[PDB]
Amino acid sequence: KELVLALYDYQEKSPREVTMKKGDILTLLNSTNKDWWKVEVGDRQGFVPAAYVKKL
Ligand code: NA
Ligand code: NA
């Protein structure tokens, strides 16, 4: 529903994670966890650290 901004480059470390580039605009899918948010990066879905993204 919401959009988030990738504040840093982040390379996924596990299958459930996804990679993002600084400045990417991600779709926020699930932010119920305080440390890991599920996002859509382009056509991929996965988790990134909440600390590395900013809600828009
Ligand atoms: Na992955
Ligand atoms: Na954040």
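Both backbone and side-chain heavy atoms feed into the values below; hydrogens, waters and symmetry mates do not. Numbers for residues simply follow the sequence, beginning at 1.
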Exercise for review: Take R44 and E17 through the salt bridge (charged side-chain N to carboxylate O under 4.0 Å, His left out) test and state the conclusion after the steps.
Suggested key: CA-CA 10 Å; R44 298 186 65 206; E17 296 174 27; over 6 Å; no

Point to revise | Residues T19, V41; criterion side chain to side chain contact (heavy atoms under 4.5 Å, CB included); working and verdict | key: CA-CA 8 Å; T19 294; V41 190; over 6 Å; no

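Using cut-offs of 30° and 60° on the angle between ring planes, the pair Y10 and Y52 is tilted.
The minimum heavy-atom distance between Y8 and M20, with the atom names listed, is O-CE, 3.8 Å. Scanning both residues, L28 and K55, for their nearest heavy atoms gives CD2-CE, 3.5 Å.
In this structure, the side chains of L5 and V53 stay at 4.5 Å or more apart for every pair of heavy atoms.
For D35, the side-chain contact (heavy atoms from CB on, under 4.5 Å) test picks out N33, with sequence neighbours left out.
In this structure, the separation between CG on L7 and NZ on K54 is 7.0 Å, given to the nearest 0.5 Å. Interatomic distance, CG of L56 versus CD1 of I25, reported as 5.0 Å (0.5 Å rounding).
If you run side-chain contact (heavy atoms from CB on, under 4.5 Å) between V39 and each of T27, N30, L26, only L26 comes through.
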